[PDB]
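J.: Just one file: target_11.tsv, with TSV, C-alpha atoms and all ligand atoms.
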chain	number	residue	atom	x	y	z
A	1	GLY	CA	2.08	7.57	27.88
A	2	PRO	CA	0.61	7.31	24.39
A	3	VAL	CA	-3.13	6.64	24.36
A	4	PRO	CA	-3.92	3.15	23.01
A	5	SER	CA	-5.63	2.80	19.64
A	6	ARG	CA	-7.64	0.06	17.94
A	7	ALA	CA	-8.74	-0.41	14.35
A	8	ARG	CA	-12.35	0.50	13.61
A	9	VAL	CA	-12.90	-2.56	11.40
A	10	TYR	CA	-11.35	-6.04	11.28
A	11	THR	CA	-10.08	-5.53	14.82
A	12	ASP	CA	-10.24	-9.14	16.03
A	13	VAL	CA	-9.96	-11.06	12.74
A	14	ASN	CA	-6.64	-12.66	13.71
A	15	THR	CA	-7.87	-13.38	17.25
A	16	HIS	CA	-10.74	-15.45	15.83
A	17	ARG	CA	-8.40	-17.27	13.45
A	18	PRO	CA	-6.35	-20.23	14.66
A	19	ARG	CA	-2.89	-19.32	15.91
A	20	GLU	CA	-1.12	-20.99	12.97
A	21	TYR	CA	-2.81	-18.50	10.62
A	22	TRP	CA	-0.79	-15.52	11.90
A	23	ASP	CA	2.03	-17.10	13.96
A	24	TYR	CA	4.43	-17.05	11.02
A	25	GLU	CA	7.49	-17.77	13.19
A	26	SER	CA	6.09	-21.20	14.11
A	27	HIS	CA	5.25	-21.92	10.47
A	28	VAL	CA	7.53	-24.44	8.75
A	29	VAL	CA	8.34	-23.31	5.21
A	30	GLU	CA	8.18	-26.22	2.74
A	31	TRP	CA	10.58	-25.23	-0.03
A	32	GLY	CA	10.09	-26.48	-3.57
A	33	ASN	CA	12.56	-27.56	-6.23
A	34	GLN	CA	14.56	-24.80	-7.91
A	35	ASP	CA	15.35	-27.08	-10.87
A	36	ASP	CA	11.63	-27.04	-11.76
A	37	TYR	CA	12.11	-23.49	-13.09
A	38	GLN	CA	14.42	-22.04	-15.74
A	39	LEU	CA	14.99	-18.30	-15.98
A	40	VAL	CA	14.21	-16.71	-19.35
A	41	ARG	CA	14.94	-12.98	-19.04
A	42	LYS	CA	14.86	-10.01	-16.69
A	43	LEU	CA	11.63	-8.10	-16.14
A	44	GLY	CA	11.28	-4.44	-15.20
A	45	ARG	CA	15.04	-3.96	-15.45
A	46	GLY	CA	16.25	-0.76	-13.80
A	47	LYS	CA	13.15	-0.34	-11.62
A	48	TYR	CA	12.62	-3.83	-10.16
A	49	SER	CA	15.19	-5.93	-8.31
A	50	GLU	CA	15.85	-9.56	-9.29
A	51	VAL	CA	12.55	-10.10	-11.13
A	52	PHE	CA	12.80	-12.74	-13.85
A	53	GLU	CA	10.43	-14.32	-16.31
A	54	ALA	CA	10.77	-18.09	-16.01
A	55	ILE	CA	9.36	-21.36	-17.33
A	56	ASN	CA	7.93	-24.10	-15.12
A	57	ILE	CA	9.30	-27.09	-17.03
A	58	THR	CA	7.04	-29.55	-15.17
A	59	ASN	CA	4.00	-28.10	-16.97
A	60	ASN	CA	5.48	-25.75	-19.63
A	61	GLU	CA	3.90	-22.69	-18.01
A	62	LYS	CA	5.23	-19.16	-17.71
A	63	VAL	CA	5.94	-17.85	-14.20
A	64	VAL	CA	7.80	-14.97	-12.55
A	65	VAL	CA	10.74	-15.55	-10.20
A	66	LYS	CA	11.58	-12.93	-7.56
A	67	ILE	CA	14.99	-13.49	-5.97
A	68	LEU	CA	14.92	-11.94	-2.51
A	69	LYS	CA	17.71	-9.83	-1.08
A	70	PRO	CA	19.43	-11.24	2.04
A	71	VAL	CA	17.11	-10.45	4.95
A	72	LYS	CA	16.33	-12.15	8.25
A	73	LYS	CA	14.65	-15.56	8.26
A	74	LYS	CA	11.79	-14.03	10.26
A	75	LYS	CA	10.90	-11.61	7.46
A	76	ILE	CA	11.08	-14.37	4.84
A	77	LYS	CA	8.60	-16.57	6.70
A	78	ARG	CA	6.31	-13.60	7.38
A	79	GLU	CA	6.03	-12.63	3.71
A	80	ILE	CA	5.49	-16.26	2.66
A	81	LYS	CA	2.78	-16.84	5.26
A	82	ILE	CA	1.03	-13.62	4.23
A	83	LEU	CA	1.19	-14.46	0.51
A	84	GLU	CA	-0.17	-17.96	1.17
A	85	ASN	CA	-2.96	-16.59	3.37
A	86	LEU	CA	-4.00	-14.08	0.68
A	87	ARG	CA	-3.69	-16.50	-2.26
A	88	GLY	CA	-6.84	-16.41	-4.36
A	89	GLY	CA	-7.89	-12.97	-3.13
A	90	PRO	CA	-9.08	-10.30	-5.56
A	91	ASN	CA	-6.26	-8.31	-7.20
A	92	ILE	CA	-3.65	-9.95	-4.93
A	93	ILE	CA	-0.58	-11.37	-6.65
A	94	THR	CA	-0.70	-15.18	-6.59
A	95	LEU	CA	2.25	-16.98	-5.01
A	96	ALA	CA	2.89	-20.17	-6.99
A	97	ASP	CA	5.90	-21.76	-5.29
A	98	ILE	CA	8.82	-21.22	-2.91
A	99	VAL	CA	12.30	-22.30	-4.01
A	100	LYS	CA	15.84	-21.97	-2.71
A	101	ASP	CA	19.22	-22.18	-4.40
A	102	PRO	CA	21.09	-25.38	-3.45
A	103	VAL	CA	24.58	-23.99	-2.80
A	104	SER	CA	24.02	-20.29	-2.06
A	105	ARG	CA	20.71	-20.91	-0.22
A	106	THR	CA	19.19	-17.75	-1.67
A	107	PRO	CA	15.38	-17.61	-1.27
A	108	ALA	CA	13.17	-16.95	-4.27
A	109	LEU	CA	9.42	-16.48	-4.70
A	110	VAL	CA	7.53	-17.78	-7.75
A	111	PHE	CA	4.50	-15.75	-8.87
A	112	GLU	CA	1.87	-15.88	-11.58
A	113	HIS	CA	2.70	-14.20	-14.89
A	114	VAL	CA	0.71	-11.06	-15.74
A	115	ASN	CA	1.21	-7.96	-17.87
A	116	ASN	CA	2.52	-4.71	-16.37
A	117	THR	CA	2.11	-1.27	-17.93
A	118	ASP	CA	3.96	0.67	-15.22
A	119	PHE	CA	2.58	3.95	-13.87
A	120	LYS	CA	5.37	5.98	-15.49
A	121	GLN	CA	3.73	5.34	-18.87
A	122	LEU	CA	0.14	5.63	-17.61
A	123	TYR	CA	0.53	8.57	-15.19
A	124	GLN	CA	0.67	10.88	-18.22
A	125	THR	CA	-2.33	9.30	-20.04
A	126	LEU	CA	-4.97	8.25	-17.49
A	127	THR	CA	-8.58	9.28	-18.01
A	128	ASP	CA	-10.94	10.44	-15.28
A	129	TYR	CA	-12.84	7.15	-15.47
A	130	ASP	CA	-9.57	5.19	-15.59
A	131	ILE	CA	-8.45	6.82	-12.33
A	132	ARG	CA	-11.70	5.84	-10.62
A	133	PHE	CA	-11.57	2.30	-12.03
A	134	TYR	CA	-8.02	1.47	-10.93
A	135	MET	CA	-8.51	3.13	-7.54
A	136	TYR	CA	-11.53	0.87	-6.99
A	137	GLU	CA	-9.48	-2.18	-8.00
A	138	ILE	CA	-6.82	-1.23	-5.45
A	139	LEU	CA	-9.52	-0.78	-2.80
A	140	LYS	CA	-10.80	-4.31	-3.44
A	141	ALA	CA	-7.31	-5.67	-2.76
A	142	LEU	CA	-6.95	-3.51	0.35
A	143	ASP	CA	-10.36	-4.45	1.76
A	144	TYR	CA	-9.57	-8.13	1.23
A	145	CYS	CA	-6.16	-8.16	2.90
A	146	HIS	CA	-7.47	-5.96	5.74
A	147	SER	CA	-10.42	-8.34	6.17
A	148	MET	CA	-7.83	-11.13	6.36
A	149	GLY	CA	-5.97	-9.28	9.13
A	150	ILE	CA	-3.09	-8.01	6.96
A	151	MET	CA	-1.58	-4.52	6.65
A	152	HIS	CA	0.31	-3.99	3.40
A	153	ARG	CA	2.29	-0.99	4.76
A	154	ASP	CA	3.89	-0.14	1.39
A	155	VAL	CA	1.10	1.02	-0.93
A	156	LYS	CA	2.63	3.03	-3.79
A	157	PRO	CA	2.59	3.02	-7.62
A	158	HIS	CA	5.69	0.80	-7.83
A	159	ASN	CA	3.85	-1.93	-5.90
A	160	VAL	CA	0.76	-1.84	-8.17
A	161	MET	CA	0.93	-3.58	-11.55
A	162	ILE	CA	-1.72	-2.70	-14.14
A	163	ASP	CA	-2.65	-4.79	-17.19
A	164	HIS	CA	-4.12	-2.00	-19.30
A	165	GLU	CA	-5.13	-4.42	-22.06
A	166	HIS	CA	-7.19	-6.72	-19.82
A	167	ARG	CA	-8.07	-3.93	-17.33
A	168	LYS	CA	-6.42	-6.01	-14.59
A	169	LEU	CA	-4.53	-4.92	-11.48
A	170	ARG	CA	-2.31	-6.68	-8.94
A	171	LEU	CA	-1.00	-5.49	-5.57
A	172	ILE	CA	2.54	-6.86	-5.14
A	173	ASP	CA	5.63	-6.54	-2.91
A	174	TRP	CA	4.30	-7.81	0.41
A	175	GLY	CA	7.76	-7.87	2.04
A	176	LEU	CA	6.78	-5.12	4.50
A	177	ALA	CA	3.32	-6.52	5.31
A	178	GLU	CA	2.36	-7.51	8.85
A	179	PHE	CA	-0.54	-9.05	10.75
A	180	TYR	CA	-2.71	-6.65	12.73
A	181	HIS	CA	-3.13	-7.52	16.40
A	182	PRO	CA	-4.97	-5.18	18.80
A	183	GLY	CA	-2.55	-3.43	21.14
A	184	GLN	CA	0.64	-4.40	19.28
A	185	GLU	CA	3.27	-1.75	18.60
A	186	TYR	CA	4.64	-1.78	15.05
A	187	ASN	CA	7.80	-0.52	13.39
A	188	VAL	CA	7.52	3.01	11.99
A	189	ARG	CA	10.19	2.34	9.32
A	190	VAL	CA	7.69	1.11	6.76
A	191	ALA	CA	6.45	2.39	3.40
A	192	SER	CA	8.22	5.02	1.30
A	193	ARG	CA	8.69	8.59	2.50
A	194	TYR	CA	6.24	10.18	0.05
A	195	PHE	CA	3.49	7.76	1.19
A	196	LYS	CA	4.23	7.59	4.93
A	197	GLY	CA	1.21	8.41	7.06
A	198	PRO	CA	1.50	11.03	9.81
A	199	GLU	CA	1.41	8.27	12.44
A	200	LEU	CA	4.76	7.05	11.08
A	201	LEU	CA	6.25	10.55	10.94
A	202	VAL	CA	5.36	11.23	14.60
A	203	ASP	CA	6.49	7.71	15.65
A	204	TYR	CA	3.08	6.47	16.82
A	205	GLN	CA	3.58	2.70	16.85
A	206	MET	CA	0.01	1.53	17.56
A	207	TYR	CA	-1.29	2.11	14.03
A	208	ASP	CA	-3.50	-0.21	11.96
A	209	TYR	CA	-5.01	-0.86	8.51
A	210	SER	CA	-5.76	2.87	8.11
A	211	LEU	CA	-2.08	3.44	7.27
A	212	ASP	CA	-2.79	1.91	3.85
A	213	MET	CA	-5.65	4.37	3.32
A	214	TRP	CA	-3.34	7.35	3.78
A	215	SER	CA	-0.90	5.94	1.21
A	216	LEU	CA	-3.82	5.46	-1.18
A	217	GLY	CA	-4.83	9.08	-0.64
A	218	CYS	CA	-1.33	10.17	-1.65
A	219	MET	CA	-1.61	8.14	-4.86
A	220	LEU	CA	-5.01	9.63	-5.67
A	221	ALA	CA	-3.83	13.20	-5.09
A	222	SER	CA	-0.85	12.73	-7.41
A	223	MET	CA	-3.13	11.43	-10.18
A	224	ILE	CA	-5.96	13.98	-10.18
A	225	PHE	CA	-3.59	16.92	-9.58
A	226	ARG	CA	-0.74	15.73	-11.86
A	227	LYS	CA	1.88	16.25	-9.13
A	228	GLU	CA	4.21	13.30	-8.56
A	229	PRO	CA	4.66	12.95	-5.72
A	230	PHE	CA	1.96	15.08	-4.08
A	231	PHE	CA	3.80	15.36	-0.74
A	232	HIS	CA	7.42	15.77	-1.87
A	233	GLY	CA	9.48	15.75	1.31
A	234	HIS	CA	13.28	15.67	1.30
A	235	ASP	CA	13.61	13.91	4.67
A	236	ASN	CA	11.33	12.45	7.33
A	237	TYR	CA	10.85	15.79	9.08
A	238	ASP	CA	10.22	17.68	5.83
A	239	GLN	CA	7.57	15.12	4.83
A	240	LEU	CA	5.37	16.09	7.78
A	241	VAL	CA	6.01	19.78	7.07
A	242	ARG	CA	4.80	19.45	3.47
A	243	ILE	CA	1.70	17.64	4.71
A	244	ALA	CA	1.20	20.40	7.29
A	245	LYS	CA	1.45	23.02	4.51
A	246	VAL	CA	-1.70	21.46	2.98
A	247	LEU	CA	-3.80	20.10	5.86
A	248	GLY	CA	-2.81	22.80	8.35
A	249	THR	CA	-1.13	22.44	11.72
A	250	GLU	CA	-4.32	22.92	13.78
A	251	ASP	CA	-5.53	19.37	13.12
A	252	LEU	CA	-1.97	18.04	13.47
A	253	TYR	CA	-1.62	19.31	17.05
A	254	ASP	CA	-5.12	18.07	17.90
A	255	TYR	CA	-4.01	14.67	16.58
A	256	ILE	CA	-0.86	14.89	18.72
A	257	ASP	CA	-2.91	15.78	21.81
A	258	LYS	CA	-5.61	13.18	21.11
A	259	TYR	CA	-3.26	10.21	21.50
A	260	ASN	CA	-0.84	11.90	23.95
A	261	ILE	CA	1.94	11.56	21.36
A	262	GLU	CA	5.04	13.05	22.98
A	263	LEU	CA	6.40	14.89	19.95
A	264	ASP	CA	10.12	15.57	20.04
A	265	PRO	CA	10.91	19.10	21.27
A	266	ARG	CA	12.78	20.56	18.28
A	267	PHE	CA	10.23	19.05	15.89
A	268	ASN	CA	7.47	21.23	17.37
A	269	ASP	CA	9.32	24.36	16.21
A	270	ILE	CA	9.88	22.74	12.79
A	271	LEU	CA	6.14	22.48	12.14
A	272	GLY	CA	5.41	26.04	13.23
A	273	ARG	CA	1.96	27.28	12.22
A	274	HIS	CA	0.31	26.74	8.84
A	275	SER	CA	-3.26	27.33	7.73
A	276	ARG	CA	-5.25	24.64	5.96
A	277	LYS	CA	-5.17	24.93	2.16
A	278	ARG	CA	-8.39	23.92	0.41
A	279	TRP	CA	-8.12	21.13	-2.15
A	280	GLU	CA	-9.28	23.44	-4.96
A	281	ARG	CA	-5.95	25.29	-4.69
A	282	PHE	CA	-4.09	22.46	-6.47
A	283	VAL	CA	-6.30	22.55	-9.60
A	284	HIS	CA	-5.55	24.50	-12.77
A	285	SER	CA	-5.90	23.71	-16.49
A	286	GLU	CA	-4.26	20.44	-17.55
A	287	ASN	CA	-5.36	18.56	-14.41
A	288	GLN	CA	-8.86	20.07	-14.61
A	289	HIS	CA	-10.61	17.23	-16.47
A	290	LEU	CA	-9.65	14.88	-13.60
A	291	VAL	CA	-10.96	16.89	-10.62
A	292	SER	CA	-14.61	16.62	-9.60
A	293	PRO	CA	-16.46	17.65	-6.42
A	294	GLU	CA	-16.79	13.99	-5.42
A	295	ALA	CA	-13.06	13.47	-6.08
A	296	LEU	CA	-12.07	16.25	-3.68
A	297	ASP	CA	-14.55	15.11	-1.03
A	298	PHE	CA	-13.26	11.54	-1.28
A	299	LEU	CA	-9.62	12.68	-1.12
A	300	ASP	CA	-10.43	14.84	1.91
A	301	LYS	CA	-11.81	11.80	3.75
A	302	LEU	CA	-8.60	9.82	3.11
A	303	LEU	CA	-5.95	12.46	3.90
A	304	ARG	CA	-6.81	12.91	7.58
A	305	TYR	CA	-4.23	13.14	10.36
A	306	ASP	CA	-6.42	11.05	12.67
A	307	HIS	CA	-5.98	7.48	11.41
A	308	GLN	CA	-9.29	6.55	13.05
A	309	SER	CA	-11.05	9.30	11.05
A	310	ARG	CA	-9.96	8.06	7.60
A	311	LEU	CA	-12.38	6.04	5.51
A	312	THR	CA	-12.07	2.28	5.65
A	313	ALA	CA	-11.57	0.45	2.36
A	314	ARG	CA	-15.24	-0.61	2.37
A	315	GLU	CA	-16.51	2.90	3.14
A	316	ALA	CA	-14.28	4.20	0.34
A	317	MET	CA	-15.73	1.70	-2.15
A	318	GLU	CA	-19.22	3.05	-1.39
A	319	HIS	CA	-18.23	6.70	-1.86
A	320	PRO	CA	-20.10	8.42	-4.73
A	321	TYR	CA	-16.72	8.91	-6.43
A	322	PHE	CA	-17.10	5.27	-7.54
A	323	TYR	CA	-20.88	5.31	-8.09
A	324	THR	CA	-20.81	4.79	-11.87
A	325	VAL	CA	-17.73	2.55	-11.65
A	326	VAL	CA	-19.64	0.19	-9.34
A	327	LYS	CA	-22.71	0.03	-11.58
A	328	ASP	CA	-20.65	-0.48	-14.75
A	329	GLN	CA	-18.65	-3.41	-13.34
A	330	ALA	CA	-21.94	-5.10	-12.42
A	331	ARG	CA	-23.17	-4.77	-16.05
B	401	LIG	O1	7.95	-9.68	-5.14
B	401	LIG	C1	6.81	-9.42	-5.59
B	401	LIG	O2	5.86	-9.15	-4.81
B	401	LIG	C2	6.55	-9.42	-7.06
B	401	LIG	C3	5.44	-10.08	-7.56
B	401	LIG	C4	5.20	-10.08	-8.92
B	401	LIG	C5	6.06	-9.43	-9.79
B	401	LIG	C6	5.83	-9.38	-11.26
B	401	LIG	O3	6.51	-8.45	-11.91
B	401	LIG	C7	6.42	-8.26	-13.24
B	401	LIG	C8	7.20	-7.22	-13.84
B	401	LIG	CL1	8.24	-6.26	-12.86
B	401	LIG	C9	7.12	-7.01	-15.22
B	401	LIG	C10	6.27	-7.81	-16.00
B	401	LIG	CL2	6.17	-7.55	-17.70
B	401	LIG	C11	5.51	-8.81	-15.40
B	401	LIG	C12	5.59	-9.03	-14.00
B	401	LIG	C13	4.80	-10.08	-13.35
B	401	LIG	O4	3.95	-10.89	-14.07
B	401	LIG	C14	4.95	-10.23	-11.94
B	401	LIG	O5	4.22	-11.21	-11.30
B	401	LIG	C15	7.17	-8.76	-9.28
B	401	LIG	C16	7.41	-8.75	-7.91
B	402	CL	CL	11.87	-4.19	-6.55
B	403	CL	CL	6.29	4.40	-6.31
B	404	CL	CL	6.34	-4.24	12.72
B	405	CL	CL	4.95	19.14	-1.58
B	406	CL	CL	-10.13	-1.17	5.85
Mind turning this structure into structure tokens?
T.:
Amino acid sequence: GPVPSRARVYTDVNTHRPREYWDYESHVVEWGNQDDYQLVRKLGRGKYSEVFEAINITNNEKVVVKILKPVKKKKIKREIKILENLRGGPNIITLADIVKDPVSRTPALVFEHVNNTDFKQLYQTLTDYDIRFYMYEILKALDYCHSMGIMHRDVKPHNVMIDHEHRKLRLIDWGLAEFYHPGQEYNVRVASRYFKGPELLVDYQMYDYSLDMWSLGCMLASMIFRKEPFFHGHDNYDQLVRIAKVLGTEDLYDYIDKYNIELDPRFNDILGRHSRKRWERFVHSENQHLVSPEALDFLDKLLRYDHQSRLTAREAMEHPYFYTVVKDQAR
């Protein structure tokens, strides 16, 4: 059958942790008091679901309340355990409390209050240095959660909040996150279509942290090329076709043969044969001040079919694309 795969880095982090760190089903959720918080107003209305600004009356502090949609108890405890494990990490949203409605028993997460200038307003006015800076901030969050044995599995602009005034960034929406365990098969119905890695589109279940690095590559390509989204597929099959129309089908079939991925029969005729299009083909005039040789080389090392060939978050942070960004943050 499929050839087994292991992550290149952070492979055994959860194995060296105590069991209670990652065994979220055995964790006992200690719910707080809902009456400690009063809702003030809706936040991100139209784009975000059940996100409220609230006041913690026990200390007169502003917080954010996220009322969760009805899902299984297993997924609730998983997200809570992951948020608590990552609390305090760089650029990770901070979980403040866990409350539940008395009568309806609806779960709700309480987060720290930060500013959010959504990408829809910044996608049109991001500088070349601003792209590098915020990419690096996302990489810090990804390296941390990967080093803590966590896959985010839903990296996309909607799940990244940017405080443009304070130059701050938070990775949010950890409802699809999971713990990485060597040899475990994972669900392929994760992330959004435009940011799904090829391992999800070919139903290879033994993926790892490198899935997040593909999604990040999709975000970078949309920013420096001014094409949102960069891989604009209309269904799951078309998503892999649009990727194949850029990376070529030669490396896709080598990827399929490397891990003995039994691709479905009709899907093989869908892909057909496509040559690899060089990254300079997507550059023109308006998106020209954002494309550099180091930007294309960095993007090329993220958008690889082979999940084991993509850069890790740490290797990405040391790419020359961030050379000046690294030295400027150190001051
Ligand atoms: O479930 C989650 O992972 C999650 C976590 C945090 C937030 C969150 O959203 C905000 C929005 Cl949409 C607008 C504004 Cl102006 C501020 C915030 C904010 O401070 C904040 O923490 C939303 C969802
Ligand atoms: Cl949402
Ligand atoms: Cl998005
Ligand atoms: Cl899973
Ligand atoms: Cl496309
Ligand atoms: Cl990594």
J.: May I ask you to write as JSON, numbers by chain all residues lying at most 6 Å from ligand CL 405 (chain B), with all atoms listed in the file counted?
T.: {"A": [230, 231, 232, 242]}
J.: Grab the residues selected above and save them as a short mmCIF file (atom, residue, chain, number, x, y, z; two decimals), in the coordinates of the input with C-alpha atoms.
T.:
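Output saved as again-v5.cif:
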data_model
loop_
_atom_site.label_atom_id
_atom_site.label_comp_id
_atom_site.auth_asym_id
_atom_site.auth_seq_id
_atom_site.Cartn_x
_atom_site.Cartn_y
_atom_site.Cartn_z
CA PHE A 230 1.96 15.08 -4.08
CA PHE A 231 3.80 15.36 -0.74
CA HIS A 232 7.42 15.77 -1.87
CA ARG A 242 4.80 19.45 3.47
#
J.: As a list in words, please: every protein or nucleic acid residue near ligand CL 402 (chain B) (cut-off 7 Å, counting only C-alpha atoms and all ligand atoms).
T.: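 Answer in the requested format: residues 47, 48 and 49 of chain A.
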J.: Would you place a box with edges along x, y and z of the file around all atoms of region 212-228 of chain A listed there, add 4 Å to each of its six sides, and report the centre and edge lengths in Å to one decimal, as lines of an AutoDock Vina configuration file?
T.:
center_x = -0.9
center_y = 9.4
center_z = -4.0
size_x = 18.2
size_y = 23.0
size_z = 23.7
J.: List all protein, DNA and RNA residues that have an atom no more than 10 Å from any atom of ligand LIG 401 (chain B), counting only C-alpha atoms and all ligand atoms, and report them as an MDAnalysis selection string.
T.: chainID A and resid 42:53 62:68 79 83 92:95 108:118 158:163 170:175
J.: Could you write those residues out with C-alpha atoms, as a PDB file, in the coordinates of the input?
T.:
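Once written, result36.pdb looks like this:
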ATOM      1  CA  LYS A  42      14.860 -10.010 -16.690  1.00  0.00           C
ATOM      2  CA  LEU A  43      11.630  -8.100 -16.140  1.00  0.00           C
ATOM      3  CA  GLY A  44      11.280  -4.440 -15.200  1.00  0.00           C
ATOM      4  CA  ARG A  45      15.040  -3.960 -15.450  1.00  0.00           C
ATOM      5  CA  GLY A  46      16.250  -0.760 -13.800  1.00  0.00           C
ATOM      6  CA  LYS A  47      13.150  -0.340 -11.620  1.00  0.00           C
ATOM      7  CA  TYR A  48      12.620  -3.830 -10.160  1.00  0.00           C
ATOM      8  CA  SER A  49      15.190  -5.930  -8.310  1.00  0.00           C
ATOM      9  CA  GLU A  50      15.850  -9.560  -9.290  1.00  0.00           C
ATOM     10  CA  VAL A  51      12.550 -10.100 -11.130  1.00  0.00           C
ATOM     11  CA  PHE A  52      12.800 -12.740 -13.850  1.00  0.00           C
ATOM     12  CA  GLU A  53      10.430 -14.320 -16.310  1.00  0.00           C
ATOM     13  CA  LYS A  62       5.230 -19.160 -17.710  1.00  0.00           C
ATOM     14  CA  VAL A  63       5.940 -17.850 -14.200  1.00  0.00           C
ATOM     15  CA  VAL A  64       7.800 -14.970 -12.550  1.00  0.00           C
ATOM     16  CA  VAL A  65      10.740 -15.550 -10.200  1.00  0.00           C
ATOM     17  CA  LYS A  66      11.580 -12.930  -7.560  1.00  0.00           C
ATOM     18  CA  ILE A  67      14.990 -13.490  -5.970  1.00  0.00           C
ATOM     19  CA  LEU A  68      14.920 -11.940  -2.510  1.00  0.00           C
ATOM     20  CA  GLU A  79       6.030 -12.630   3.710  1.00  0.00           C
ATOM     21  CA  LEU A  83       1.190 -14.460   0.510  1.00  0.00           C
ATOM     22  CA  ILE A  92      -3.650  -9.950  -4.930  1.00  0.00           C
ATOM     23  CA  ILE A  93      -0.580 -11.370  -6.650  1.00  0.00           C
ATOM     24  CA  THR A  94      -0.700 -15.180  -6.590  1.00  0.00           C
ATOM     25  CA  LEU A  95       2.250 -16.980  -5.010  1.00  0.00           C
ATOM     26  CA  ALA A 108      13.170 -16.950  -4.270  1.00  0.00           C
ATOM     27  CA  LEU A 109       9.420 -16.480  -4.700  1.00  0.00           C
ATOM     28  CA  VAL A 110       7.530 -17.780  -7.750  1.00  0.00           C
ATOM     29  CA  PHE A 111       4.500 -15.750  -8.870  1.00  0.00           C
ATOM     30  CA  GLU A 112       1.870 -15.880 -11.580  1.00  0.00           C
ATOM     31  CA  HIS A 113       2.700 -14.200 -14.890  1.00  0.00           C
ATOM     32  CA  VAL A 114       0.710 -11.060 -15.740  1.00  0.00           C
ATOM     33  CA  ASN A 115       1.210  -7.960 -17.870  1.00  0.00           C
ATOM     34  CA  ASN A 116       2.520  -4.710 -16.370  1.00  0.00           C
ATOM     35  CA  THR A 117       2.110  -1.270 -17.930  1.00  0.00           C
ATOM     36  CA  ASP A 118       3.960   0.670 -15.220  1.00  0.00           C
ATOM     37  CA  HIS A 158       5.690   0.800  -7.830  1.00  0.00           C
ATOM     38  CA  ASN A 159       3.850  -1.930  -5.900  1.00  0.00           C
ATOM     39  CA  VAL A 160       0.760  -1.840  -8.170  1.00  0.00           C
ATOM     40  CA  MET A 161       0.930  -3.580 -11.550  1.00  0.00           C
ATOM     41  CA  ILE A 162      -1.720  -2.700 -14.140  1.00  0.00           C
ATOM     42  CA  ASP A 163      -2.650  -4.790 -17.190  1.00  0.00           C
ATOM     43  CA  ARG A 170      -2.310  -6.680  -8.940  1.00  0.00           C
ATOM     44  CA  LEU A 171      -1.000  -5.490  -5.570  1.00  0.00           C
ATOM     45  CA  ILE A 172       2.540  -6.860  -5.140  1.00  0.00           C
ATOM     46  CA  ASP A 173       5.630  -6.540  -2.910  1.00  0.00           C
ATOM     47  CA  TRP A 174       4.300  -7.810   0.410  1.00  0.00           C
ATOM     48  CA  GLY A 175       7.760  -7.870   2.040  1.00  0.00           C
TER      49      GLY A 175
END
J.: Within 9 Å of ligand CL 403 (chain B), counting all atoms listed in the file: which residues, as a PDB file with C-alpha atoms, in the frame of the given file?
T.:
ATOM      1  CA  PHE A 119       2.580   3.950 -13.870  1.00  0.00           C
ATOM      2  CA  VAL A 155       1.100   1.020  -0.930  1.00  0.00           C
ATOM      3  CA  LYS A 156       2.630   3.030  -3.790  1.00  0.00           C
ATOM      4  CA  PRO A 157       2.590   3.020  -7.620  1.00  0.00           C
ATOM      5  CA  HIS A 158       5.690   0.800  -7.830  1.00  0.00           C
ATOM      6  CA  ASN A 159       3.850  -1.930  -5.900  1.00  0.00           C
ATOM      7  CA  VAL A 160       0.760  -1.840  -8.170  1.00  0.00           C
ATOM      8  CA  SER A 192       8.220   5.020   1.300  1.00  0.00           C
ATOM      9  CA  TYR A 194       6.240  10.180   0.050  1.00  0.00           C
ATOM     10  CA  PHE A 195       3.490   7.760   1.190  1.00  0.00           C
ATOM     11  CA  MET A 219      -1.610   8.140  -4.860  1.00  0.00           C
ATOM     12  CA  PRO A 229       4.660  12.950  -5.720  1.00  0.00           C
TER      13      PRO A 229
END
J.: With all atoms listed in the file as the basis for distance, which of A:124, A:249, A:187, A:11 is at the shortest distance from residue 275 (chain A)?
T.: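 With all atoms listed in the file as the atom set, the closest residue is A:249.
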J.: One decimal, in Å: what's the spacing between CA of residue 264 (chain A) and CA of residue 309 (chain A)?
T.: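 Separation of CA of residue 264 (chain A) and CA of residue 309 (chain A): 23.8 Å.
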J.: Could I get the residue neighbourhood of ligand CL 406 (chain B) at 12 Å, counting all atoms listed in the file, as a VMD selection string?
T.: chain A and resid 7 to 11 138 to 152 180 208 to 214 216 302 307 to 317
J.: My list of candidates is A:301, A:75, A:258, A:166. Which is closest to ligand CL 404 (chain B) when distances are computed with all atoms listed in the file?
T.: A:75
J.: Neighbours of ligand CL 404 (chain B) within 12 Å, counting all atoms listed in the file, as a list in words?
T.: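 The distance check yields residues 74, 75, 78, 150, 151, 152, 153, 175, 176, 177, 178, 179, 180, 181, 184, 185, 186, 187, 188, 189, 190, 191, 200, 204, 205, 206, 207 and 208 of chain A.
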J.: By how many Å are CA of residue 58 (chain A) and CA of residue 35 (chain A) apart?
T.: 9.7 Å
J.: Compare A:250, A:227, A:164, A:240 by their minimum atom-to-atom distance to residue 284 (chain A), counting all atoms listed in the file, and give me the closest one.
T.: A:227
J.: Near region 318-325 of chain A, counting all atoms listed in the file, which residues have an atom at most 7 Å away, once you skip same-chain residues fewer than 5 positions from it, shown as a ChimeraX atom specification?
T.: /A:132-133,294-295,298
J.: Write a file of the just-selected residues containing C-alpha atoms, as a PDB file, keeping the file's coordinate frame.
T.:
ATOM      1  CA  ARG A 132     -11.700   5.840 -10.620  1.00  0.00           C
ATOM      2  CA  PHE A 133     -11.570   2.300 -12.030  1.00  0.00           C
ATOM      3  CA  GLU A 294     -16.790  13.990  -5.420  1.00  0.00           C
ATOM      4  CA  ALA A 295     -13.060  13.470  -6.080  1.00  0.00           C
ATOM      5  CA  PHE A 298     -13.260  11.540  -1.280  1.00  0.00           C
TER       6      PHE A 298
END
